[PDB]
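Student: Sharing my_file.txt below, compact mmCIF, C-alpha atoms (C1' of nucleotides) and all ligand atoms:
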```txt
# COMPACT_ATOMS: atom_id res chain seq x y z
CA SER K 1 -4.13 16.33 -107.73
CA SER K 2 -1.58 16.98 -104.97
CA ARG K 3 -3.18 17.36 -101.54
CA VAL K 4 -2.28 19.59 -98.59
CA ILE K 5 -2.56 17.71 -95.28
CA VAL K 6 -1.90 18.88 -91.73
CA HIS K 7 -1.15 16.63 -88.76
CA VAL K 8 -1.63 18.06 -85.26
CA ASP K 9 -0.10 16.37 -82.20
CA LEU K 10 -0.60 17.82 -78.74
CA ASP K 11 2.34 18.44 -76.41
CA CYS K 12 2.37 16.05 -73.41
CA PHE K 13 -1.41 15.86 -73.64
CA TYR K 14 -2.41 14.34 -70.28
CA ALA K 15 0.20 16.40 -68.43
CA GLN K 16 -1.02 19.54 -70.20
CA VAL K 17 -4.60 18.87 -69.09
CA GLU K 18 -3.52 18.21 -65.50
CA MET K 19 -1.54 21.46 -65.51
CA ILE K 20 -4.62 23.31 -66.72
CA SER K 21 -6.70 21.82 -63.89
CA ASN K 22 -4.07 22.64 -61.22
CA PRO K 23 -1.76 25.46 -62.38
CA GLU K 24 0.27 24.76 -59.23
CA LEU K 25 1.73 21.80 -61.15
CA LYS K 26 3.04 24.08 -63.92
CA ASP K 27 6.41 24.88 -62.35
CA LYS K 28 7.27 21.53 -60.79
CA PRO K 29 8.36 18.44 -62.77
CA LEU K 30 5.10 16.58 -63.40
CA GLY K 31 4.32 13.02 -64.40
CA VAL K 32 1.00 11.36 -65.18
CA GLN K 33 0.83 7.82 -63.81
CA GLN K 34 -1.30 4.78 -64.59
CA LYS K 35 -0.57 1.82 -62.30
CA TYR K 36 3.21 1.26 -62.42
CA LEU K 37 3.76 3.39 -65.54
CA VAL K 38 4.52 7.08 -66.07
CA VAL K 39 2.55 7.50 -69.26
CA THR K 40 3.64 11.08 -70.03
CA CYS K 41 5.35 14.03 -68.38
CA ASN K 42 5.88 17.76 -68.76
CA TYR K 43 8.94 19.43 -70.26
CA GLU K 44 10.58 19.96 -66.86
CA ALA K 45 10.49 16.30 -65.82
CA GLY K 46 11.62 15.51 -69.36
CA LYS K 47 14.70 17.67 -68.77
CA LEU K 48 15.31 15.75 -65.56
CA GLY K 49 15.55 12.50 -67.64
CA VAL K 50 11.97 11.23 -67.31
CA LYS K 51 10.70 9.73 -70.57
CA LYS K 52 7.32 8.58 -71.82
CA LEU K 53 6.17 5.11 -70.71
CA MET K 54 8.91 4.94 -68.07
CA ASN K 55 8.64 2.85 -64.90
CA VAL K 56 7.39 4.77 -61.89
CA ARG K 57 10.38 3.42 -59.97
CA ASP K 58 12.82 4.29 -62.77
CA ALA K 59 11.26 7.74 -63.15
CA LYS K 60 11.51 8.29 -59.39
CA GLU K 61 15.15 7.19 -59.43
CA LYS K 62 15.93 9.57 -62.29
CA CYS K 63 13.85 12.26 -60.55
CA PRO K 64 13.04 11.77 -56.85
CA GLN K 65 11.60 15.31 -56.77
CA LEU K 66 9.05 14.26 -59.41
CA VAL K 67 5.38 14.78 -58.52
CA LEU K 68 2.89 12.27 -59.92
CA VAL K 69 -0.82 12.65 -60.72
CA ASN K 70 -3.08 9.65 -61.33
CA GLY K 71 -4.42 9.55 -64.87
CA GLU K 72 -6.28 6.25 -64.92
CA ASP K 73 -9.53 8.19 -65.51
CA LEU K 74 -9.55 9.40 -69.12
CA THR K 75 -12.69 11.54 -68.68
CA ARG K 76 -11.03 14.98 -68.78
CA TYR K 77 -8.59 13.87 -71.49
CA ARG K 78 -11.50 12.62 -73.61
CA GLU K 79 -13.49 15.84 -73.19
CA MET K 80 -10.50 18.00 -74.10
CA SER K 81 -9.60 15.74 -77.04
CA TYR K 82 -13.04 16.08 -78.60
CA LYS K 83 -12.95 19.83 -78.02
CA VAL K 84 -9.75 19.96 -80.09
CA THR K 85 -11.25 17.79 -82.83
CA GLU K 86 -14.42 19.92 -82.99
CA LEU K 87 -12.43 23.16 -83.17
CA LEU K 88 -10.42 21.73 -86.07
CA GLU K 89 -13.70 20.62 -87.67
CA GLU K 90 -14.66 24.30 -87.72
CA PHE K 91 -11.84 24.93 -90.22
CA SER K 92 -12.50 21.95 -92.52
CA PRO K 93 -15.29 19.43 -91.87
CA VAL K 94 -13.06 16.45 -92.73
CA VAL K 95 -10.97 15.70 -89.62
CA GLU K 96 -9.50 12.29 -88.76
CA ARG K 97 -8.68 11.31 -85.18
CA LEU K 98 -5.58 9.34 -84.21
CA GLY K 99 -5.48 8.54 -80.53
CA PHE K 100 -6.76 11.18 -78.19
CA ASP K 101 -4.22 13.83 -79.18
CA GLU K 102 -3.60 13.60 -82.95
CA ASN K 103 -5.70 14.93 -85.83
CA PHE K 104 -5.30 14.91 -89.61
CA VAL K 105 -7.07 17.64 -91.59
CA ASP K 106 -7.21 17.87 -95.38
CA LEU K 107 -6.69 21.54 -96.24
CA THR K 108 -6.72 21.15 -100.04
CA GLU K 109 -10.11 22.78 -100.68
CA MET K 110 -9.45 25.56 -98.16
CA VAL K 111 -5.99 26.26 -99.61
CA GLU K 112 -7.56 26.42 -103.07
CA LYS K 113 -10.18 28.98 -102.04
CA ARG K 114 -7.56 31.10 -100.27
CA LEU K 115 -5.33 31.09 -103.35
CA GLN K 116 -8.22 31.95 -105.66
CA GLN K 117 -9.02 35.00 -103.52
CA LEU K 118 -5.47 36.34 -103.91
CA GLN K 119 -4.00 38.76 -106.45
CA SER K 120 -0.75 38.32 -108.36
CA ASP K 121 0.98 41.17 -106.52
CA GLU K 122 0.20 39.31 -103.29
CA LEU K 123 1.52 35.97 -104.59
CA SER K 124 5.14 36.99 -104.01
CA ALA K 125 4.10 38.15 -100.52
CA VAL K 126 3.15 34.58 -99.53
CA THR K 127 5.31 33.53 -96.59
CA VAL K 128 5.82 30.37 -94.59
CA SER K 129 4.62 30.11 -91.00
CA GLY K 130 6.96 28.09 -88.83
CA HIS K 131 9.89 25.90 -89.74
CA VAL K 132 10.69 24.69 -93.25
CA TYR K 133 12.05 21.15 -93.13
CA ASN K 134 15.79 20.97 -93.90
CA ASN K 135 16.01 24.78 -94.38
CA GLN K 136 15.00 24.08 -97.97
CA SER K 137 14.65 27.08 -100.28
CA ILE K 138 11.13 28.20 -101.17
CA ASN K 139 10.37 28.62 -104.87
CA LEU K 140 7.39 30.99 -104.99
CA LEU K 141 6.86 30.02 -108.65
CA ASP K 142 6.28 26.38 -107.65
CA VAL K 143 2.53 26.01 -107.19
CA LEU K 144 3.01 23.09 -104.80
CA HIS K 145 5.30 25.26 -102.66
CA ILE K 146 2.72 28.06 -102.59
CA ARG K 147 -0.09 25.69 -101.61
CA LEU K 148 2.06 24.17 -98.86
CA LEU K 149 2.87 27.66 -97.53
CA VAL K 150 -0.83 28.55 -97.37
CA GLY K 151 -1.28 25.24 -95.57
CA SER K 152 1.37 26.37 -93.09
CA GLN K 153 -0.57 29.60 -92.50
CA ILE K 154 -3.77 27.65 -91.87
CA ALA K 155 -1.88 25.36 -89.48
CA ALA K 156 -0.62 28.40 -87.57
CA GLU K 157 -4.16 29.76 -87.32
CA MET K 158 -5.25 26.35 -86.01
CA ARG K 159 -2.61 26.24 -83.28
CA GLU K 160 -3.27 29.85 -82.27
CA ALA K 161 -7.01 29.16 -82.08
CA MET K 162 -6.34 26.08 -79.96
CA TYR K 163 -4.34 28.22 -77.55
CA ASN K 164 -6.78 31.14 -77.39
CA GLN K 165 -9.94 29.01 -77.14
CA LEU K 166 -8.67 25.91 -75.31
CA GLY K 167 -5.35 26.89 -73.72
CA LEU K 168 -3.61 23.94 -75.38
CA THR K 169 -0.33 23.82 -77.32
CA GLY K 170 0.73 21.36 -79.98
CA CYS K 171 2.89 20.72 -83.02
CA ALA K 172 1.72 20.73 -86.63
CA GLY K 173 3.13 19.27 -89.82
CA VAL K 174 2.05 20.26 -93.34
CA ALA K 175 2.81 17.89 -96.21
CA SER K 176 1.21 16.27 -99.26
CA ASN K 177 0.00 13.05 -97.58
CA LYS K 178 -0.81 11.78 -94.10
CA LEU K 179 2.39 9.77 -93.60
CA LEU K 180 4.59 12.78 -94.38
CA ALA K 181 2.43 15.23 -92.41
CA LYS K 182 2.73 12.96 -89.37
CA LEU K 183 6.46 12.37 -89.87
CA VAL K 184 7.24 16.09 -90.20
CA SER K 185 5.00 17.34 -87.36
CA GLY K 186 7.42 16.11 -84.69
CA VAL K 187 10.66 17.50 -86.14
CA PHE K 188 10.47 20.64 -83.96
CA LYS K 189 9.09 20.17 -80.45
CA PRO K 190 7.31 21.49 -78.59
CA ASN K 191 4.73 24.05 -79.71
CA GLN K 192 6.28 24.49 -83.17
CA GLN K 193 5.29 23.55 -86.71
CA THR K 194 7.19 22.33 -89.77
CA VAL K 195 6.31 22.27 -93.47
CA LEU K 196 7.74 19.69 -95.88
CA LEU K 197 8.41 20.75 -99.45
CA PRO K 198 8.43 17.84 -101.93
CA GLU K 199 12.16 18.00 -102.75
CA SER K 200 12.96 17.08 -99.12
CA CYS K 201 10.71 14.00 -98.88
CA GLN K 202 13.51 11.46 -99.32
CA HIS K 203 15.62 13.32 -96.77
CA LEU K 204 12.84 13.00 -94.20
CA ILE K 205 12.22 9.36 -95.09
CA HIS K 206 15.92 8.61 -94.60
CA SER K 207 16.25 10.52 -91.34
CA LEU K 208 14.63 7.51 -89.67
CA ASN K 209 16.85 4.86 -88.10
CA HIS K 210 14.29 2.08 -87.51
CA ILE K 211 11.56 0.75 -89.78
CA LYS K 212 9.19 0.60 -86.79
CA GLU K 213 9.42 4.42 -86.79
CA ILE K 214 7.18 4.34 -89.89
CA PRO K 215 3.49 4.63 -88.92
CA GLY K 216 1.86 1.46 -90.22
CA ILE K 217 4.80 -0.80 -89.36
CA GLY K 218 4.41 -2.18 -85.84
CA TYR K 219 6.03 -4.73 -83.56
CA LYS K 220 5.19 -7.95 -85.44
CA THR K 221 5.88 -6.52 -88.90
CA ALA K 222 9.14 -4.97 -87.69
CA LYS K 223 10.52 -8.11 -86.02
CA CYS K 224 9.45 -10.09 -89.08
CA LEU K 225 11.29 -7.69 -91.40
CA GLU K 226 14.38 -7.87 -89.18
CA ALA K 227 14.33 -11.64 -89.65
CA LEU K 228 14.97 -10.95 -93.37
CA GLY K 229 17.88 -8.55 -92.87
CA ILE K 230 15.76 -5.44 -93.54
CA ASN K 231 16.86 -2.83 -90.99
CA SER K 232 16.79 0.56 -92.74
CA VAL K 233 14.30 2.49 -94.82
CA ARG K 234 16.57 1.94 -97.84
CA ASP K 235 16.64 -1.80 -97.16
CA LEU K 236 12.84 -1.87 -97.41
CA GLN K 237 12.87 0.41 -100.46
CA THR K 238 15.33 -1.85 -102.29
CA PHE K 239 14.14 -5.23 -101.02
CA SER K 240 12.61 -7.69 -103.47
CA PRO K 241 8.83 -7.09 -103.79
CA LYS K 242 8.09 -10.78 -104.28
CA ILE K 243 9.82 -12.06 -101.13
CA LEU K 244 8.05 -9.70 -98.72
CA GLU K 245 4.88 -10.48 -100.63
CA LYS K 246 5.50 -14.08 -99.58
CA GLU K 247 6.39 -13.15 -96.01
CA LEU K 248 3.61 -10.65 -95.22
CA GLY K 249 0.94 -11.23 -97.84
CA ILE K 250 0.37 -9.00 -100.83
CA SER K 251 -1.47 -6.18 -99.06
CA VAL K 252 0.97 -5.53 -96.19
CA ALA K 253 3.93 -5.91 -98.56
CA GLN K 254 2.79 -3.47 -101.25
CA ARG K 255 1.52 -0.90 -98.76
CA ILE K 256 4.50 -0.78 -96.40
CA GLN K 257 6.95 -0.84 -99.30
CA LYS K 258 5.08 2.14 -100.72
CA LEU K 259 5.37 3.77 -97.28
CA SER K 260 9.13 3.24 -97.40
CA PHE K 261 9.18 5.80 -100.24
CA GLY K 262 6.98 8.34 -98.47
CA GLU K 263 4.01 7.45 -100.71
CA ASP K 264 0.65 7.31 -98.92
CA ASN K 265 -2.52 7.56 -101.01
CA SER K 266 -4.90 7.01 -98.09
CA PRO K 267 -7.50 9.79 -97.73
CA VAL K 268 -8.35 11.68 -94.56
CA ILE K 269 -11.42 9.97 -93.08
CA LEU K 270 -14.06 11.89 -91.13
CA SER K 271 -13.87 10.26 -87.70
CA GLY K 272 -17.18 11.62 -86.44
CA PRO K 273 -18.59 10.14 -83.25
CA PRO K 274 -16.93 7.14 -81.57
CA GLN K 275 -17.51 3.64 -82.90
CA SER K 276 -17.29 2.15 -79.38
CA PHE K 277 -16.94 2.91 -75.68
CA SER K 278 -14.88 0.81 -73.30
CA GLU K 279 -13.27 0.72 -69.87
CA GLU K 280 -10.41 -1.39 -68.53
CA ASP K 281 -9.00 -2.36 -65.14
CA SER K 282 -5.78 -4.27 -64.45
CA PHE K 283 -4.66 -5.82 -61.17
CA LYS K 284 -1.97 -7.98 -59.60
CA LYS K 285 -4.50 -10.81 -59.24
CA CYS K 286 -8.18 -11.68 -59.55
CA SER K 287 -9.30 -15.07 -58.20
CA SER K 288 -12.85 -14.56 -56.86
CA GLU K 289 -16.00 -14.42 -58.99
CA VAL K 290 -17.51 -11.97 -56.48
CA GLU K 291 -14.63 -9.51 -56.82
CA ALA K 292 -14.74 -9.92 -60.60
CA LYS K 293 -18.47 -9.16 -60.41
CA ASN K 294 -17.77 -6.00 -58.39
CA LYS K 295 -15.11 -4.76 -60.82
CA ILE K 296 -17.44 -5.48 -63.75
CA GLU K 297 -20.09 -3.46 -61.91
CA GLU K 298 -17.65 -0.55 -61.53
CA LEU K 299 -16.86 -0.57 -65.26
CA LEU K 300 -20.56 -0.92 -66.07
CA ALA K 301 -21.76 2.13 -64.12
CA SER K 302 -19.27 4.55 -65.68
CA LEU K 303 -19.93 3.05 -69.11
CA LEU K 304 -23.66 3.60 -68.54
CA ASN K 305 -23.21 7.29 -67.75
CA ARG K 306 -20.89 7.75 -70.75
CA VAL K 307 -23.27 6.04 -73.17
CA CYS K 308 -26.31 7.82 -71.73
CA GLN K 309 -24.80 11.26 -72.34
CA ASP K 310 -23.86 10.39 -75.94
CA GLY K 311 -27.46 9.82 -77.04
CA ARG K 312 -26.71 6.72 -79.13
CA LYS K 313 -27.57 3.23 -78.06
CA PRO K 314 -24.98 0.44 -78.31
CA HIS K 315 -26.16 -2.79 -79.89
CA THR K 316 -23.34 -5.09 -78.75
CA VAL K 317 -21.55 -5.71 -75.45
CA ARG K 318 -18.23 -7.50 -75.01
CA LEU K 319 -16.13 -8.66 -72.07
CA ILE K 320 -12.34 -8.97 -72.27
CA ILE K 321 -10.06 -10.80 -69.82
CA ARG K 322 -6.32 -11.40 -69.55
CA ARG K 323 -4.89 -14.67 -68.22
CA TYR K 324 -1.98 -15.40 -65.90
CA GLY K 325 -3.09 -13.57 -74.15
CA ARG K 326 -6.39 -11.68 -74.12
CA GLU K 327 -9.78 -13.32 -74.68
CA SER K 328 -13.23 -11.85 -75.27
CA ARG K 329 -16.90 -12.83 -75.44
CA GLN K 330 -19.60 -10.58 -76.89
CA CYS K 331 -23.33 -10.71 -77.54
CA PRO K 332 -26.10 -8.34 -78.64
CA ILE K 333 -27.80 -6.19 -76.04
CA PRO K 334 -31.52 -7.08 -75.77
CA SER K 335 -33.83 -4.55 -77.41
CA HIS K 336 -35.81 -4.54 -74.14
CA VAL K 337 -32.89 -2.94 -72.30
CA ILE K 338 -31.56 -1.07 -75.36
CA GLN K 339 -34.73 1.00 -75.77
CA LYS K 340 -34.75 1.85 -72.04
CA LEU K 341 -31.29 3.37 -71.66
CA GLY K 342 -31.00 6.08 -69.02
CA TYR K 343 -34.94 1.60 -65.09
CA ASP K 344 -32.42 -0.67 -63.36
CA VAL K 345 -30.58 -1.48 -66.57
CA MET K 346 -27.70 -2.60 -64.33
CA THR K 347 -28.89 -5.99 -63.01
CA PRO K 348 -29.65 -7.67 -66.39
CA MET K 349 -26.38 -6.38 -67.86
CA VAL K 350 -24.51 -7.86 -64.90
CA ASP K 351 -26.28 -11.16 -65.57
CA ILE K 352 -25.25 -11.08 -69.25
CA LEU K 353 -21.60 -10.20 -68.64
CA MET K 354 -21.45 -12.80 -65.87
CA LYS K 355 -22.75 -15.49 -68.24
CA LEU K 356 -20.10 -14.52 -70.80
CA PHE K 357 -17.57 -14.53 -67.94
CA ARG K 358 -18.57 -18.10 -67.03
CA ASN K 359 -18.11 -19.06 -70.68
CA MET K 360 -14.59 -17.65 -70.32
CA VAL K 361 -13.57 -19.06 -66.92
CA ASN K 362 -14.76 -21.92 -64.71
CA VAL K 363 -15.76 -20.80 -61.22
CA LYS K 364 -15.34 -24.47 -60.26
CA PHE K 365 -8.27 -18.74 -61.49
CA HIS K 366 -5.82 -15.85 -61.99
CA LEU K 367 -7.07 -12.92 -64.10
CA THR K 368 -4.93 -9.78 -64.53
CA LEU K 369 -7.22 -7.60 -66.69
CA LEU K 370 -10.99 -7.06 -66.96
CA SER K 371 -12.46 -4.82 -69.67
CA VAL K 372 -15.97 -4.03 -70.92
CA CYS K 373 -16.96 -2.54 -74.28
CA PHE K 374 -20.15 -1.17 -75.83
CA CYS K 375 -19.86 -1.56 -79.61
CA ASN K 376 -22.11 -1.26 -82.67
CA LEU K 377 -23.65 2.07 -81.69
CA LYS K 378 -26.60 3.65 -83.48
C1' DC B 1 6.82 -2.67 -61.93
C1' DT B 2 3.34 -3.04 -68.75
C1' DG B 3 -1.98 1.82 -68.85
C1' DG B 4 -6.02 2.83 -70.75
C1' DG B 5 -7.83 3.48 -74.25
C1' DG B 6 -9.08 3.43 -79.82
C1' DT B 7 -9.43 1.71 -85.48
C1' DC B 8 -9.95 -1.62 -89.12
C1' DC B 9 -9.11 -6.27 -91.16
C1' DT B 10 -9.36 -11.73 -91.19
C1' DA Q 1 -13.01 -14.16 -81.84
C1' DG Q 2 -8.67 -12.93 -82.77
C1' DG Q 3 -5.01 -10.08 -84.66
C1' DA Q 4 -2.71 -6.23 -86.80
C1' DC Q 5 -2.13 -1.35 -86.21
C1' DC Q 6 -2.38 3.66 -83.65
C1' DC Q 7 -1.94 6.91 -79.56
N1 LIG K 401 1.14 4.10 -75.31
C1 LIG K 401 0.50 5.24 -74.95
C2 LIG K 401 0.70 6.40 -75.68
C3 LIG K 401 0.04 7.57 -75.30
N2 LIG K 401 -0.77 7.56 -74.24
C4 LIG K 401 -1.46 8.78 -73.82
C5 LIG K 401 -0.55 9.61 -72.93
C6 LIG K 401 -0.20 10.84 -73.76
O1 LIG K 401 -0.25 12.02 -72.96
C7 LIG K 401 -1.25 10.89 -74.85
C8 LIG K 401 -0.66 11.37 -76.17
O2 LIG K 401 0.30 10.42 -76.62
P1 LIG K 401 1.70 10.83 -77.29
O3 LIG K 401 1.44 11.93 -78.29
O4 LIG K 401 2.27 9.54 -77.81
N3 LIG K 401 2.81 11.40 -76.04
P2 LIG K 401 2.51 13.04 -75.46
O5 LIG K 401 1.42 13.70 -76.28
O6 LIG K 401 2.29 12.97 -73.97
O7 LIG K 401 3.87 13.89 -75.64
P3 LIG K 401 4.45 14.45 -77.04
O8 LIG K 401 5.66 13.58 -77.32
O9 LIG K 401 3.35 14.30 -78.05
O10 LIG K 401 4.79 15.88 -76.69
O11 LIG K 401 -1.77 9.57 -74.98
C9 LIG K 401 -0.95 6.38 -73.50
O12 LIG K 401 -1.71 6.38 -72.51
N4 LIG K 401 -0.31 5.24 -73.87
MG MG K 402 1.31 14.27 -78.25
```
Could I get this file's structure written as structure tokens?

Tutor:
Amino acid sequence: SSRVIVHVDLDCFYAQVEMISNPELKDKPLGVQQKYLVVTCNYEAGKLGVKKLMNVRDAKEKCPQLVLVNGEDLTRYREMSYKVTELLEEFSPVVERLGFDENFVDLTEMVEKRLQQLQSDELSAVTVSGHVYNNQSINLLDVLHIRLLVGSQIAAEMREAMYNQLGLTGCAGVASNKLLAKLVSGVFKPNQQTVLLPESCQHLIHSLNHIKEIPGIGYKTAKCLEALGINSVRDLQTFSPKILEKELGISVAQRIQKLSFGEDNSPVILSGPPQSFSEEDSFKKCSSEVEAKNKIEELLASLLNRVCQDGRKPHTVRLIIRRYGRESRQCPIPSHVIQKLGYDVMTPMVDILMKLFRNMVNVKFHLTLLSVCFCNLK
DNA sequence: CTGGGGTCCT
DNA sequence: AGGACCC
């Protein structure tokens, strides 16, 4: 019952899209900027020392010749992302989205059909596509090895189809679960793929230097674990189950300790259509209810176009604010306005979000972030 | 000089 | 409503 999973991660996604829009940007060192942050950059700027999530001032110091493009509008990135996901859904219907640029696909059924169409004389002719992690030797008599190789071939066909149909490049990783497929996809970058045979799992899991490098272990869990002297993957592997059960609860403890061994039983979930739409806007300061009302109007209009095109009606609205630490107030959308989506649906919505806003803050302040979300879609 | 999004769990 | 995680 050993699965074959592929994880696809796009190379400098936003930068890649911006280079497609304006091929002029292809040669020069490019960075995509949101407010004071260079959120991603092309390979050239990366050679010049620019790194992801670097300060615009630090990136400009490291690279004064750097050219920046504003990427605070995720419209193009969202379109392209869902094009990638749909194309992968053409291979296997079960595709899971992670962020805008990552996709898990379960290739087990497909690999099975491909193998069952083959003849024994062709079984020795099975070859890997792309890198093999750790230069490990392929045993063509190992059925798991064969299935993983076929998975590598399917991954290659996926990347080639992404390039020929969408002009996008990315990295792929083929493994037996989602954690390992994601961990091995980034070994060779960019525009390469790597397959992980089982015998090398531990090697991969011990190539990490920080426990936060494990997907599923974030900032709070990492700092917490550090407070107990757990700093390496082997520390977490060998640590006492009961203590971290006490420190993190039973669920977090068991699951992340299983992750420390490369074990991940979670299935690939069909993402399908989005569960929510939302838009944000940060600022140095917000102190006027009129300006807050105007920003909320700006978010509302774009959200209305986005939801109108989707063809599903949201049944909950929420407002999020950040103080001088985030707070939110939501409520159902009236069926009167819900049914008539696409009339001046604006004015009542502004009234609703302004009432929630008053619940949050007293007009009778310093806000640094305003966000609006349509949730509970149908 | 720290964005703009998403998911699921409690 | 908030908090954990992901990009
Ligand atoms: N914290 C983050 C992480 C990613 N992103 C956006 C910018 C990225 O272009 C896109 C993909 O994220 P990413 O895979 O973490 N880095 P990117 O794809 O740019 O480069 P690679 O390292 O994957 O080649 O999401 C963001 O806006 N905020
Ligand atoms: Mg990427």

Student: List all protein, DNA and RNA residues that have any atom at most 9 Å from ligand MG 402 (chain K), counting all atoms listed in the file, and write the list as a tab-separated table (two decimals) with C-alpha atoms (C1' of nucleotides), keeping the file's coordinate frame.

Tutor:
```tsv
chain	number	residue	atom	x	y	z
K	8	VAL	CA	-1.63	18.06	-85.26
K	9	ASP	CA	-0.10	16.37	-82.20
K	10	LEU	CA	-0.60	17.82	-78.74
K	11	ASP	CA	2.34	18.44	-76.41
K	12	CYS	CA	2.37	16.05	-73.41
K	13	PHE	CA	-1.41	15.86	-73.64
K	14	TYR	CA	-2.41	14.34	-70.28
K	100	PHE	CA	-6.76	11.18	-78.19
K	101	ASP	CA	-4.22	13.83	-79.18
K	102	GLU	CA	-3.60	13.60	-82.95
K	170	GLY	CA	0.73	21.36	-79.98
K	171	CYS	CA	2.89	20.72	-83.02
Q	7	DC	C1'	-1.94	6.91	-79.56
```

Student: Which residues of chain B sit at most 8 Å from ligand LIG 401 (chain K), using all atoms listed in the file? Give each one's shortest atom pair and distance in Å (one decimal place), in chain and ascending residue order, as JSON lines.

Tutor:
```
{"residue": "B:3", "atom": "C1'", "partner": "K:LIG401", "partner_atom": "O12", "distance": 5.9}
{"residue": "B:4", "atom": "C1'", "partner": "K:LIG401", "partner_atom": "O12", "distance": 5.9}
{"residue": "B:5", "atom": "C1'", "partner": "K:LIG401", "partner_atom": "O12", "distance": 7.0}
```

Student: Kindly provide, as a tab-separated table (two decimals) with C-alpha atoms (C1' of nucleotides), keeping the file's coordinate frame, the polymer residues lying within 12 Å of (-4.6, -6.9, -85.9), counting only C-alpha atoms (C1' of nucleotides) and using the coordinates exactly as they appear in the file.

Tutor:
```tsv
chain	number	residue	atom	x	y	z
K	216	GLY	CA	1.86	1.46	-90.22
K	217	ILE	CA	4.80	-0.80	-89.36
K	218	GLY	CA	4.41	-2.18	-85.84
K	219	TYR	CA	6.03	-4.73	-83.56
K	220	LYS	CA	5.19	-7.95	-85.44
K	221	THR	CA	5.88	-6.52	-88.90
K	252	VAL	CA	0.97	-5.53	-96.19
B	7	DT	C1'	-9.43	1.71	-85.48
B	8	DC	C1'	-9.95	-1.62	-89.12
B	9	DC	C1'	-9.11	-6.27	-91.16
B	10	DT	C1'	-9.36	-11.73	-91.19
Q	1	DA	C1'	-13.01	-14.16	-81.84
Q	2	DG	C1'	-8.67	-12.93	-82.77
Q	3	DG	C1'	-5.01	-10.08	-84.66
Q	4	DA	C1'	-2.71	-6.23	-86.80
Q	5	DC	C1'	-2.13	-1.35	-86.21
Q	6	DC	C1'	-2.38	3.66	-83.65
```

Student: Within 8 Å of (-22.5, -4.3, -65.9) (file coordinates; all atoms listed in the file), which protein or nucleic acid residues are there? I'd like them as a CSV table (one decimal) with C-alpha atoms, in the frame of the given file.

Tutor:
```csv
chain,number,residue,atom,x,y,z
K,296,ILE,CA,-17.4,-5.5,-63.8
K,297,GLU,CA,-20.1,-3.5,-61.9
K,298,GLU,CA,-17.6,-0.6,-61.5
K,299,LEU,CA,-16.9,-0.6,-65.3
K,300,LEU,CA,-20.6,-0.9,-66.1
K,301,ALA,CA,-21.8,2.1,-64.1
K,346,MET,CA,-27.7,-2.6,-64.3
K,347,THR,CA,-28.9,-6.0,-63.0
K,348,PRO,CA,-29.6,-7.7,-66.4
K,349,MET,CA,-26.4,-6.4,-67.9
K,350,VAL,CA,-24.5,-7.9,-64.9
K,351,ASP,CA,-26.3,-11.2,-65.6
K,353,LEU,CA,-21.6,-10.2,-68.6
```

Student: Skip residue 6 in chain B itself and residues of its chain fewer than 4 positions away, then list as an NGL selection string all residues within 10 Å of it, counting all atoms listed in the file.

Tutor: (:K and (97-100 or 274-278)) or (:Q and (6-7))

Student: Using all atoms listed in the file for the distances, tell me which of K:119, K:207, K:103, K:33 is nearest to chain Q.

Tutor: K:103

Student: Please indicate the distance in Å from CA of residue 67 in chain K to CA of residue 28 in chain K, rounded to one decimal place.

Tutor: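 So the answer is 7.4 Å.
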
Student: In Å, rounded to a single decimal, give me how far CA of residue 258 in chain K is from CA of residue 238 in chain K.

Tutor: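 CA of residue 238 in chain K sits 11.1 Å away from CA of residue 258 in chain K.
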
Student: Taking all atoms listed in the file into account, what are the residues of chain K at most 12 Å from chain B, put as number ranges by chain?

Tutor: K: 32-40, 52-59, 70-75, 77-78, 96-102, 251-252, 269, 271, 274-284, 368-373, 375

Student: Figure out the distance between CA of residue 268 in chain K and CA of residue 167 in chain K, please, to one decimal in Å.

Tutor: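 Calculated distance between CA of residue 167 in chain K and CA of residue 268 in chain K is 26.0 Å.
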